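Undergrad: The structure is given below, and queries will be raised subsequently.
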Amino acid sequence: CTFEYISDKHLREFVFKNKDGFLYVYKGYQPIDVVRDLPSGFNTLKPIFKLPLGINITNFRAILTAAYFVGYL
Amino acid sequence: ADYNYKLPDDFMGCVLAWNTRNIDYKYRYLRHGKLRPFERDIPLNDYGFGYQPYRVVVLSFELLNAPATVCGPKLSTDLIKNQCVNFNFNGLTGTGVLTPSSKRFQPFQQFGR
Amino acid sequence: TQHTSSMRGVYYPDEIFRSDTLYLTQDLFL
Ligand SMILES: *[C@@H]1O[C@H](CO)[C@@H](O)[C@H](O)[C@H]1NC(C)=O
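Protein chains in written order, with PDB author numbering: chain L, 159 to 166, 180 to 236, 250 to 257; chain U, 406 to 429, 438 to 455, 477 to 483, 490 to 553; chain V, 31 to 60.
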C-alpha cells in the first residue's frame, strides 16, 4: 500500500482526468425527473479532489450495490 | 530517466543529492515504452555496492491553488486601508491602495485577476 | 445504447476569480 485517505430524482456528474501523477475529480449535482435519458442543459462542475497517486490508469469499473453514462474527453 | 523516474519539462522545485559511501539497489532496464512524468511502476538489475552510491531528495512546490500552508518566518503586520502602501499577501507583492470589495469569492479561489 | 451530450460537462479550469469577461482556454473538455 502507498496512498490512503479517509474523510468524514438526482443527477450526479463527475469528471476524472489523470496527468503528471495527479488524479483530478470534479463533481456537480442537478435535480431532474426522468431516468431513461440524459436531459439537455448546461451545468458547471467545481473541483473536489486532486490525488497525488502516480499510476497509469487505463481501465475502470463502476461498483454497484439506476443508469450511468460514460463519455470521453 | 525513461524507465524509473521522469521529471516533467515544466518542473518548478529543487533537486538535492549527497554521498553516503560510508553508510552504504534494484533498478529497471527493460520496459515497453517510456514513462510519463511523475509515474512509477512496481526485468530488474541490481547495483554493485560502478561508483559510490548517492541519495537523492527532490522537492516539488505546489503554487498556491489552495490556501497556503507551508512557508517561512515573516511577521504579519496590521493592514492599512485607503493608503498607498507596499503589500505582501501570501508571497504576492505589489504597490497600491487597498479597499473593501463587494466581489464574492467561491471557497476554492484565493485571488482575482 | 448511445445518447448525445449537449452542452454538458464544463468545469472550472483554474482557481482564479473572474467576472464580466469572455475567456478562451485550451484543455481536455468533453
Ligand atoms: C500503463 O499500462 C499499460 C499496460 O499495462 C501500458 O501499455 C501503458 O504504456 C502504461 N502507461 C504509461 C506507461 O504511461
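Cβ atoms here follow ideal geometry from the backbone N, Cα and C, with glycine treated the same way.
Anything in chain V within Cβ reach of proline 218 of chain L, meaning under 8 Å, just list it in chain order.
TA: Within 8 Å Cβ-Cβ: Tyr41, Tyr42, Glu45.
Undergrad: Less than 9 Å between the C-beta atoms of residue 487 of chain U and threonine 425 of chain U, yes or no?
TA: Missing here is residue 487 of chain U: after 483, the next number in chain U is 490.
Undergrad: For the beta strand (DSSP E) holding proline 218 of chain L, just list the boundary residues, first then last.
TA: Note, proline 218 of chain L: beta strand (DSSP E), 215-222.
Undergrad: Using three-state DSSP, classify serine 500 of chain U as helix, strand or coil.
TA: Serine 500 of chain U: strand per DSSP, three-state reduction.
Undergrad: Tell me which same chain residues have a C-beta within less than 6 Å of the C-beta of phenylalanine 527 of chain U, skipping the five on either side of it?
TA: Cβ within range, chain order: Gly534.
Undergrad: State the start and end residues of the unbroken beta strand (DSSP E) segment that holds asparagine 479 of chain U.
TA: It spans 478-480 - the beta strand (DSSP E) in which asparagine 479 of chain U sits, taken as one unbroken run.
Undergrad: Quick check on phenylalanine 451 of chain U - is its C-beta less than 9 Å from some C-beta in chain L?
TA: Chain L, which has a Cβ nearer than 9 Å to the Cβ of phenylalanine 451 of chain U, makes this yes.
Undergrad: Could you say if the region 406-425 of chain U and the region 215-226 of chain L meet the contact criterion of at least three C-beta pairs nearer than 8 Å?
TA: Judged by Cβ distances under 8 Å, the region 406-425 of chain U makes no contact with the region 215-226 of chain L, as fewer than three pairs qualify.
Undergrad: Run through chain V and tell me which residues come within less than 8 Å of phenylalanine 551 of chain U, C-beta to C-beta.
TA: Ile46, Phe47, listed in chain order.
Undergrad: Figure out for me which residue from L:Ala250, L:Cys159, L:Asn189 has the closest Cα to the Cα of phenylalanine 231 of chain L.
TA: If we check each option's Cα against that of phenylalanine 231 of chain L, L:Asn189 comes out closest.
Undergrad: Among U:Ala506, U:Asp518, U:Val498, U:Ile455, which residue has its Cα nearest to the Cα of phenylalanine 416 of chain U?
TA: When only C-alpha atoms are compared, the closest one is U:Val498.
Undergrad: Going by the DSSP bridge assignment, what does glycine 534 of chain U pair with across the sheet?
TA: Beta-bridge pairing links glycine 534 of chain U to U:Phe527.
Undergrad: Does DSSP classify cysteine 419 of chain U as helix, strand or coil?
TA: Three-state result, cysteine 419 of chain U: strand.
Undergrad: Using DSSP bridges, identify the partner residues of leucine 194 of chain L.
TA: Answer is L:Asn189, L:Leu222.
Undergrad: Count the other CB atoms within 10 Å of the CB of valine 186 of chain L; is the residue buried (16 or more) or exposed (fewer)?
TA: Classification for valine 186 of chain L: buried.
Undergrad: Give me the chain V residues within the contact set of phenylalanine 213 of chain L, using Cβ-Cβ distance strictly less than 8 Å, ordered along the chain.
TA: Going along chain V in sequence order, the residues near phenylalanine 213 of chain L (Cβ under 8 Å) are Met37, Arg38, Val40.
Undergrad: Using a Cβ cut-off of 9 Å (strictly closer), state whether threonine 51 of chain V contacts chain L.
TA: No, no contact with chain L.
Undergrad: Should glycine 225 of chain L be labelled buried (16 or more other beta-carbon atoms within 10 Å of its own) or exposed?
TA: So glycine 225 of chain L ends up on the buried side.
Undergrad: By the 10 Å Cβ neighbour count, where 16 or more other Cβ atoms means buried, how is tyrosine 197 of chain L classified, buried or exposed?
TA: Classification for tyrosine 197 of chain L: buried.
Undergrad: So with CB distances below 8 Å, who are the chain V contacts of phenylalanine 529 of chain U?
TA: By Cβ distance, chain V contributes nothing, its closest Cβ being about 14 Å from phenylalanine 529 of chain U, past 8 Å.
Undergrad: So the beta strand (DSSP E) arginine 544 of chain U belongs to, where does it begin and stop?
TA: Taken as a continuous stretch (DSSP letters only), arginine 544 of chain U belongs to no beta strand (DSSP E), as it is neither H nor E.
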